[PDB]
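**Student:** Chains as they are written, first to last, in full-length UniProt numbering: chain A, 94 to 188; chain B, 61 to 299; chain C, 87 to 244; chain D, 38 to 51.
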Amino acid sequence: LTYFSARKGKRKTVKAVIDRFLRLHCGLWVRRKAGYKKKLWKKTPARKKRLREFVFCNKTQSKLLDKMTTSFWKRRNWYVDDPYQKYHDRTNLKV
Amino acid sequence: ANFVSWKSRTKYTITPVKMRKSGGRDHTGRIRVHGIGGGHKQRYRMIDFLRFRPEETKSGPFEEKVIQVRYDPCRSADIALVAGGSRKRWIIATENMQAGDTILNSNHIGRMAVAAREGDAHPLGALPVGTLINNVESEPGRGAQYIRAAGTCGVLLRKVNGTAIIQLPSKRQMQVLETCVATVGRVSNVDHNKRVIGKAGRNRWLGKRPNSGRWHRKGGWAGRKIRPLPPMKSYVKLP
Amino acid sequence: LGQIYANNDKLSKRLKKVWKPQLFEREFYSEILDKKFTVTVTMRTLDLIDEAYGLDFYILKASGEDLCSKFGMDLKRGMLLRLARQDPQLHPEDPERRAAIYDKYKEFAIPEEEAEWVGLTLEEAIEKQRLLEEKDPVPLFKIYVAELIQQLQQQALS
Amino acid sequence: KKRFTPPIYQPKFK
RNA sequence: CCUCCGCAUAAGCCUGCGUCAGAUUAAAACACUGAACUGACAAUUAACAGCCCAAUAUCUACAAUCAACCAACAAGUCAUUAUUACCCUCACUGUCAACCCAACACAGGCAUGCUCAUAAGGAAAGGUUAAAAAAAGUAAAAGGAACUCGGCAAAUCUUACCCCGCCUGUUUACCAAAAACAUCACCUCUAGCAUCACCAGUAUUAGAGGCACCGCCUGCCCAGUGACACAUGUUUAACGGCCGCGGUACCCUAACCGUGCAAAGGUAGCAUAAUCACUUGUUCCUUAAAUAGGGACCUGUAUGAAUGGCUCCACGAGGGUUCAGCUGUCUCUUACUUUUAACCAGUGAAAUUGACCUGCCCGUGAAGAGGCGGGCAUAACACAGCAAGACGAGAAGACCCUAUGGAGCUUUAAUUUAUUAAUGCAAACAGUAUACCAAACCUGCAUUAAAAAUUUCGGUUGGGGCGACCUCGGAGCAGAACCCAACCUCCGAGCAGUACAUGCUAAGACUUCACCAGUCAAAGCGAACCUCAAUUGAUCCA
RNA sequence: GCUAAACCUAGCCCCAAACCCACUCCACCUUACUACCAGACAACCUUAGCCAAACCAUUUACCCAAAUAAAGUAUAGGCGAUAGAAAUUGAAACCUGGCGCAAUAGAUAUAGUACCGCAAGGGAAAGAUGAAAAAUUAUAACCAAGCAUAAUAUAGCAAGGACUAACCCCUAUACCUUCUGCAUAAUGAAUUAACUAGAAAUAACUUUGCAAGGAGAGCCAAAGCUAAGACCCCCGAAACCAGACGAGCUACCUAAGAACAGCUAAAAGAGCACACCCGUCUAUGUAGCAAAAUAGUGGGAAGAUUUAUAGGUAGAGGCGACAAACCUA
Ligand SMILES: [Mg+2]
Ligand SMILES: [Mg+2]
Ligand SMILES: [Mg+2]
Ligand SMILES: [Mg+2]
Ligand SMILES: [Mg+2]
Ligand SMILES: [Mg+2]
Ligand SMILES: [Mg+2]
Ligand SMILES: [Mg+2]
Ligand SMILES: [Mg+2]
Ligand SMILES: [Mg+2]
Ligand SMILES: [Mg+2]
Ligand SMILES: [Mg+2]
Ligand SMILES: [Mg+2]
Ligand SMILES: [Mg+2]
Ligand SMILES: [Mg+2]
Ligand SMILES: [Mg+2]
Ligand SMILES: [Mg+2]
Ligand SMILES: [Mg+2]
Ligand SMILES: [Mg+2]
Ligand SMILES: [Mg+2]
Ligand SMILES: [Mg+2]
Ligand SMILES: [Mg+2]
Ligand SMILES: [Mg+2]
Ligand SMILES: [Mg+2]
Ligand SMILES: [Mg+2]
Ligand SMILES: [Mg+2]
Ligand SMILES: [Mg+2]
Ligand SMILES: [Mg+2]
Ligand SMILES: [Mg+2]
Ligand SMILES: [Mg+2]
Ligand SMILES: [Mg+2]
Ligand SMILES: [Mg+2]
Ligand SMILES: [Mg+2]
Ligand SMILES: [Mg+2]
Ligand SMILES: [Mg+2]
Ligand SMILES: [Mg+2]
Ligand SMILES: [Mg+2]
Ligand SMILES: [Mg+2]
Ligand SMILES: [Mg+2]
Ligand SMILES: [Mg+2]
Ligand SMILES: [Mg+2]
Ligand SMILES: [Mg+2]
Ligand SMILES: [Mg+2]
Ligand SMILES: [Mg+2]
Ligand SMILES: [Mg+2]
Ligand SMILES: [Mg+2]
Ligand SMILES: [Mg+2]
Ligand SMILES: [Mg+2]
Ligand SMILES: [Mg+2]
């Protein structure tokens with residue numbers, strides 16, 4: 094991911110991670126199950142509904158996605174009409 | 061690569077000029093034609109291939125006289141210096157040409173056919189149908205280029221109105237203008253295909269290296285081609 | 087001298103292709119110089135000449151960054167010198183034609199001291215400046231006798 | 038093939 | 001005593017065995033003092049070969065080889081004329097040597113003349129003794145190749161037979177010098193022709209290819225490739241190919257017929273051969289004894305007619321055998337001389353070295369112990385010879401295997417024609433009664449035969465290729481929660497017989513030992529009141 | 001105590017400032033280090049390649065306009081390993097050193113010297129007494145690897161336990177590593193002296209400071225922000241391109257020359273055989289005379305033979321009587 098560039102000497106990110114995932118401010122990444130739009134005629138409606146759900150990642154996957162990004166993608170955005178605004182902060186956490 | 065040609069003589073003379081061998085070397089120096097190199101030293105003779113040519117302050121026909129028949133190593137046939145007037149020029153010898161012969165170099169085309177011998181030269185417009193000719197030209201006042209080897213000869217076929225079709229030794233027809241001067245008869249030094257080489261020493265003396273020793277697989281061009289006769293090529297310019 | 091892909095796609099082979107313009111050996115006629123020249127002209131040049139209404143206008147209006155040729159700059163400099171020096175172009179016995187030619191090309195008229203340095207390269211300019219600033223070294227005897235006569239006049243008139 | 042290495046001569050100062 | 005040497009010319013740094021002092025130290029493989037030196041002294045003087053030629057036009061076909069007979073073929077190494085202007089003259093480079101190229105004072109190499117041994121030039125030996133071993137020389141009672149795979153040094157002087165190649169020659173400089181490449185004879189294809197080789201040539205020529213003389217001959221084919229005509233064809237001395245079965249009277253080896261295919265179903269010749277294993281073939285000879293050699297046979301199912309088949313005139317440092325005569329290779333070795341060997345005088349290595357106070361047997365260990373266990377063995381130190389061991393010295397093995405590390409060759413493995421010749425289109429010129437003709441030279445698009453700009457060649461394989469497999473489920477190994485492999489032994493699956501509420505949300509769990517994936521379901525709105533075991537496909541893009 | 005150990009100066013690297021130079025006379029474009037004579041032709045051109053994506057065919061900062069935040073954002077990319085701006089607030093003239101070194105360090109340098117090839121090119125150590133060397137004095141010695149002074153004395157990985165004394169008595173299988181297992185007969189080593197091998201981001205841990213704000217503009221924030229400390233090796237291949245060099249050995253060609261006694265000479269790309277061209281075999285050595293030699297047995301030696309001189313054909317090639325043979329061991 095180029096830890097040191099040749100012009101600015103900073104850290105670069107992977108645009109695939111940004112285009113395929115979505116990081117929340119709490120420290121979770123929202124992904125999408127693969128194969129949710131291809132070959133839907135041989136799958137049961139239960140599987141079709143399960144594939145169309147925002148599934149969270151794990152620990153090592155979240156750590157990898159954080160290491161592949163810089164400090165810009167780990168901030169807090171205040172959009173006007175953000176459907177994921179209620180998922181930024183995570184309450185009722187006891188270790 | 062300082063490669064300069066030995067053809068540095070813009071004036072016709074009689075003394076044999078020394079020639080330099082090449083061995084397949086052009087101006088760059090790389091071998092481009094294989095099979096040439098290493099031979100006996102030879103001297104070049106300035107051979108005048110143009111038969112009819114007027115002298116200084118001359119225009120009409122002139123007589124000649126064969127002196128002595130020699131040999132030319134630069135070609136297969138032999139040459140013979142023929143004197144006449146106040147100059148001597150080398151011309152190609154013909155069959156049955158010895159010392160003390162008399163030949164004519166005319167140009168006035170006649171109404172009827174002239175029954176010339178096999179030594180003199182006359183334009184194709186005065187020669188009978190079916191005559192063994194040699195050293196035929198292509199353009200009026202250009203020079204003899206076709207049929208110049210040893211024993212090669214051509215036979216007149218037909219006449220139209222201003223052309224003359226000449227049968228080439230390759231059984232191919234070729235027409236030319238009527239005002240072209242061509243010799244009559246066959247070239248001397250016959251029986252050349254019977255020259256048994258006997259040993260590679262003769263080929264090394266002539267200046268021919270042996271062929272390549274690589275085994276080349278014959279492609280599709282090694283088969284016999286039974287092809288018809290190509291059409292007659294015309295040199296007469298028509299507007 | 088650029089590069090062209092195979093079937094107009096970047097997922098193939100990158101080949102190199104060099105385009106060449108078309109050359110038509112034509113013949114023109116300059117009215118300012120009154121002499122015909124054989125120039126292997128192309129098509130865009132002919133179009134620009136037709137749009138500029140003649141060859142002299144196309145040469146005098148286009149700047150140095152448009153001709154991209156030394157002959158064009160030489161022709162421009164020659165026309166400028168001919169229009170500035172007012173030298174007889176054709177010949178006497180008919181000055182009306184020369185007057186009309188000079189009046190047709192009157193929207194420029196570059197002075198003589200500036201038209202001689204139009205189109206020249208750096209080496210040619212240096213050579214011209216050296217030839218103008220040549221001047222054989224004057225003997226010091228003249229300067230010495232001048233200083234001497236000046237000093238004697240200054241000491242005598244006082 | 039015919040493998041062979043050429044010897045190396047030292048400078049004439051030692 | 002040798003002279004297989006030397007003197008000059010040619011090439012080559014130019015002072016490199018003349019004197020003087022130092023010669024204490026420093027280079028002689030040791031010394032004197034000097035071909036492996038420090039400083040000073042000056043050699044070589046040209047007549048030797050060079051340093052060269054005032055122009056304008058023109059002239060130069062009857063070789064050399066004692067050149068006089070003769071005789072040729074590879075057709076050849078030497079010459080002037082008319083005119084104009086020019087009467088100043090001897091300058092320059094080296095003349096030494098014991099010498100050059102190979103790291104050297106190297107048993108290597110160097111072109112021509114001179115007497116081919118002389119009038120040039122040098123010393124195989126430092127001394128002491130005669131150890132073993134090795135190398136170079138003379139011969140030997142009897143056998144003369146009986147030893148060795150093979151006549152392998154050697155001296156006598158040596159005949160015949162077979163294969164291969166026509167011959168001379170040349171090729172792997174530095175392990176193969178050959179049957180290997182070439183050579184005249186033959187055959188195939190291409191080209192109607194003027195300036196830079198081809199060629200200052202003309203279809204008895206030139207270029208591109210296959211075998212390689214003389215004697216007998218080259219029988220067939222365009223279904224497949226290429227080439228030529230675009231007339232569906234021609235080409236094979238162009239790439240290549242010329243059957244099987246059944247019936248066949250006593251025995252292999254058949255006359256003949258039927259059947260299916262196709263261009264023909266092996267022609268001539270020759271041989272168990274340089275010729276797949278059977279093959280040490282029948283048999284004769286050469287020896288008393290012969291897979292060695294010659295002669296007549298093809299089931300040669302894999303010889304074969306220019307990938308040419310066989311004898312023949314001559315020949316081969318090519319590969320094999322033998323006859324009359326002889327060489328210690330042997331039975332069975334020996335007599336002498338030199339190099340060399342042992343000691344004395346000095347210069348004086350290279351490979352190699354973890355340290356050694358370093359014996360043997362049995363047994364054990366990373367599987368072959370002088371260093372481990374039990375025994376045997378033992379005052380110490382040098383010289384002179386052999387190899388049994390220390391898996392001894394030289395090359396990170398050239399043989400086997402791995403590598404998403406390379407390179408060479410050939411394509412009908414992949415991107416493409418970047419450069420030609422042919423094409424069709426568009427612009428560029430000019431005539432032409434609503435039509436045709438598109439010449440020479442530039443530009444862009446797409447195609448065809450040669451070059452090419454780049455690349456890779458998957459995995460397990462009781463070492464690798466060949467044998468077998470590449471995804472998933474079930475039965476025993478794994479027996480009663482769960483998981484567990486094998487190139488352990490078996491069934492299978494890449495789907496189906498019928499309604500689309502096979503609609504939308506939403507607590508809780510299992511999870512093929514991780515992840516990506518898959519499955520069950522509380523309840524509500526909506527509606528009348530799902531079967532089988534594996535049964536399959538993600539990112540990008542469209 | 002012999003061999004041999006230390007003695008600091010030519011200076012060496014980067015900053016700030018400053019823009020730095022080029023004939024005493026002769027010779028220097030032909031055989032440079034040459035005084036003197038008749039065709040004037042000579043440049044104007046996408047660089048490529050390695051590596052990476054575990055291959056590789058698209059792609060891979062290097063492009064010569066001062067900082068930073070934006071921002072590694074939109075974008076380009078077999079949409080993947082990677083590459084990467086712009087719009088925008090902005091960027092305080094002048095001061096002479098080394099928390100670098102001292103000959104195996106620092107430029108290779110006292111020097112681009114010797115040496116290697118025809119050639120481009122490669123290319124290394126040097127110098128230590130002293131105020132008075134016009135003080136040739138008497139001292140300053142003492143430490144590593146090699147030696148004598150002063151050899152060995154039976155037994156054993158060289159060591160330990162020990163006693164009045166070295167041995168004698170008992171125990172005990174060198175060092176690091178790929179390896180389950182190594183002193184194993186696997187790898188490395190003769191010693192001494194000098195030199196040589198863990199360089200760093202997002203995210204983490206600890207400690208000061210401030211605080212709903214922290215921070216010397218930009219950034220973050222539902223207890224946060226700033227600063228400091230802490231951390232990620234060396235050497236070793238075959239391959240490819242670009243710019244220049246070679247036919248003086250060897251392959252081929254070109255111009256002018258030279259060489260071959262004697263006998264049989266059948267007329268001859270005939271035979272034996274001198275000098276000469278090449279080397280089929282035996283024996284000698286493989287750190288030799290020699291990084292390819294020594295005698296004969298060898299083939300040719302009137303021609304497809306050898307050789308002195310000069311020139312040309314060079315790597316995406318030259319040449320080739322085709323050995324993938326040769327192109328300076
Ligand atoms: Mg031929
Ligand atoms: Mg051949
Ligand atoms: Mg002399
Ligand atoms: Mg040597
Ligand atoms: Mg003498
Ligand atoms: Mg002696
Ligand atoms: Mg001796
Ligand atoms: Mg005897
Ligand atoms: Mg025997
Ligand atoms: Mg013998
Ligand atoms: Mg032969
Ligand atoms: Mg050899
Ligand atoms: Mg040779
Ligand atoms: Mg040999
Ligand atoms: Mg042959
Ligand atoms: Mg045939
Ligand atoms: Mg057989
Ligand atoms: Mg025998
Ligand atoms: Mg021979
Ligand atoms: Mg001694
Ligand atoms: Mg052990
Ligand atoms: Mg044992
Ligand atoms: Mg041992
Ligand atoms: Mg190895
Ligand atoms: Mg692999
Ligand atoms: Mg690879
Ligand atoms: Mg590669
Ligand atoms: Mg390559
Ligand atoms: Mg494998
Ligand atoms: Mg196996
Ligand atoms: Mg699980
Ligand atoms: Mg329900
Ligand atoms: Mg890579
Ligand atoms: Mg900007
Ligand atoms: Mg230094
Ligand atoms: Mg240095
Ligand atoms: Mg010591
Ligand atoms: Mg003991
Ligand atoms: Mg260590
Ligand atoms: Mg290892
Ligand atoms: Mg092992
Ligand atoms: Mg060991
Ligand atoms: Mg090993
Ligand atoms: Mg060792
Ligand atoms: Mg040469
Ligand atoms: Mg040759
Ligand atoms: Mg002969
Ligand atoms: Mg002979
Ligand atoms: Mg071959």
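All C-beta atoms in this analysis are idealised placements derived from N, C-alpha and C, irrespective of residue type, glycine included.
Nearest to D180/B by CA position, among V247/B, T212/B and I286/B, is which residue?
**Tutor:** Looking up residue 180/B in the second sequence gives position 120. Ranking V247/B, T212/B and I286/B by Cα distance to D180/B puts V247/B first.
**Student:** Do you know offhand how far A204/B's Cα is from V125/C's?
**Tutor:** Position 144 of the second sequence holds residue 204/B. Position 39 of the third sequence holds residue 125/C. Near 42 Å, if we compare the C-alpha coordinates of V125/C and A204/B.
**Student:** Would you decide whether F112/B is buried or exposed? Buried here means 16 or more other CB atoms lie within 10 Å of its CB.
**Tutor:** In the second sequence, the residue the question calls residue 112/B occupies position 52. Flag for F112/B reads buried.
**Student:** Let me check one thing: in DSSP terms, what residues is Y72/B bridge-paired to?
**Tutor:** If you number the second sequence from 1, residue 72/B lands on position 12. None, per the DSSP bridge assignment.
**Student:** I think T191/B touches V215/B, with their Cβ atoms under 8 Å apart; what is that distance to the nearest whole Å?
**Tutor:** Here residue 191/B corresponds to residue number 131 of the second sequence, with the count starting at 1. Here residue 215/B corresponds to residue number 155 of the second sequence, with the count starting at 1. The Cβ separation is near 7 Å, so the contact holds.
**Student:** Hey, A195/C and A170/C are a contact pair by Cβ (cut 8 Å); roughly how many whole angstroms apart?
**Tutor:** The sequence position of residue 195/C within the third sequence is 109, counting from 1. The sequence position of residue 170/C within the third sequence is 84, counting from 1. Between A170/C and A195/C the Cβ distance is about 7 Å, and since that is below 8 Å, they are a contact.
**Student:** DSSP three-state label for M234/B, please.
**Tutor:** In the second sequence, counting from the first residue as 1, residue 234/B sits at position 174. Strand at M234/B.
**Student:** In chain order, what are the residue ranges of uninterrupted beta strand (DSSP E) at least 3 long that sit wholly in the stretch 113 to 162 of chain B?
**Tutor:** 125 to 129, 139 to 144 and 147 to 152
**Student:** Smallest Cα separation from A153/B: which of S119/B, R277/B, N194/B and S166/B?
**Tutor:** Taking the first residue of the second sequence as 1, we reach residue 153/B at position 93. Sorting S119/B, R277/B, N194/B and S166/B by C-alpha distance to the C-alpha of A153/B places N194/B at the top.
**Student:** Ligand 1 heavy atoms versus the CB of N271/B: any closer than 7 Å?
**Tutor:** In the second sequence, counting from the first residue as 1, residue 271/B sits at position 211. For ligand 1, at least one heavy atom lies less than 7 Å from the Cβ of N271/B.
**Student:** Determine the DSSP secondary structure at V110/A, reduced to helix, strand or coil.
**Tutor:** Numbered from 1 along the first sequence, position 17 holds the residue referred to as residue 110/A. Note: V110/A maps to helix in three-state DSSP.
**Student:** First and last residue of the beta strand (DSSP E) that includes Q89/C?
**Tutor:** In the third sequence, counting from the first residue as 1, residue 89/C sits at position 3. Here the beta strand (DSSP E) through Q89/C covers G88 to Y91.
**Student:** Is the beta carbon of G160/B less than 8 Å from the beta carbon of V126/B?
**Tutor:** Position 100 of the second sequence, counting from 1, holds the residue named residue 160/B. Position 66 of the second sequence, counting from 1, holds the residue named residue 126/B. A distance below 8 Å separates the beta carbons of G160/B and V126/B.
**Student:** Which word fits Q235/B, buried or exposed, when buried means at least 16 other C-beta atoms lie within 10 angstroms of its C-beta?
**Tutor:** Numbered from its first residue, the second sequence carries residue 235/B at position 175. Buried: at least 16 other Cβ atoms inside 10 Å.
**Student:** Please work out which residues of its chain come closer than 8 Å, Cβ to Cβ, to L266/B, disregarding the five sequence neighbours upstream and downstream, and give them in chain order.
**Tutor:** For the purposes of this step, residue 266/B is identified with residue 206 of the second sequence, where counting begins at 1. So the qualifying residues of the chain are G99 and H100.
**Student:** Among residues of its own chain, excluding the 5 on either side of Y206/B, which ones have a beta-carbon nearer than 6 Å to its beta-carbon?
**Tutor:** Here residue 206/B refers to the residue found at position 146 when the second sequence is read from its first residue. Counting only Cβ-Cβ distances below 6 Å, and skipping sequence neighbours, we find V196.
**Student:** Figure out for me which residue from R177/B, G89/B, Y104/B and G258/B has the closest Cα to the Cα of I139/B.
**Tutor:** Mapped onto the second sequence, residue 139/B falls at position 79. Ranking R177/B, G89/B, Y104/B and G258/B by Cα distance to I139/B puts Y104/B first.
**Student:** Taking DSSP as the reference, what is the three-state secondary structure of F165/A?
**Tutor:** For this step, residue 165/A is matched to residue 72 along the first sequence. When secondary structure is reduced to three states using DSSP, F165/A falls in the helix class.
**Student:** Mind checking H87/B: buried by the 16 CB within 10 Å criterion, or exposed?
**Tutor:** Sequence index remark: in the second sequence, residue 87/B carries index 27 (1-based). Answer is exposed; the Cβ neighbour count stays below 16.
**Student:** Say whether the stretch 224 to 232 of chain B touches the stretch 250 to 261 of chain B, bearing in mind that this needs 3 or more beta-carbon pairs closer than 8 Å, one atom from each stretch.
**Tutor:** no
**Student:** Could you check whether the stretch 104 to 111 of chain A touches the stretch 160 to 172 of chain A, counting it as contact only if at least three pairs of C-beta atoms, one from each stretch, sit closer than 8 Å?
**Tutor:** Between the stretch 104 to 111 of chain A and the stretch 160 to 172 of chain A, the count of Cβ pairs shorter than 8 Å is three or higher; the stretches touch.
**Student:** At 3 residues or longer, and completely inside the stretch 101 to 131 of chain C: list those beta strand (DSSP E) runs for me, N to C.
**Tutor:** 110 to 113 and 124 to 127
**Student:** Along the chain, where does the beta strand (DSSP E) that runs through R125/A open and close?
**Tutor:** The count along the first sequence starts at 1 and reaches residue 125/A at position 32. Looking at the DSSP string, the run of the beta strand (DSSP E) that includes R125/A is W122 to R125.
**Student:** Would you give the residue range spanned by the beta strand (DSSP E) that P183/B belongs to?
**Tutor:** Here the question's residue 183/B lines up with position 123 in the second sequence. Looking at the DSSP string, the run of the beta strand (DSSP E) that includes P183/B is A181 to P183.
**Student:** Let me check understanding here. Comparing Cα to Cα, which of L184/B, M157/B and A282/B lies closest to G170/B?
**Tutor:** On the second sequence, residue 170/B is found 110 positions in, with the first residue counted as 1. When only C-alpha atoms are compared, the closest one is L184/B.
**Student:** With the cut-off set at 8 Å, would you say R116/A and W171/A are in Cβ contact?
**Tutor:** Within the first sequence, numbered from 1, the residue matching residue 116/A stands at position 23. Within the first sequence, numbered from 1, the residue matching residue 171/A stands at position 78. Cβ atoms of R116/A and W171/A: not closer than 8 Å.
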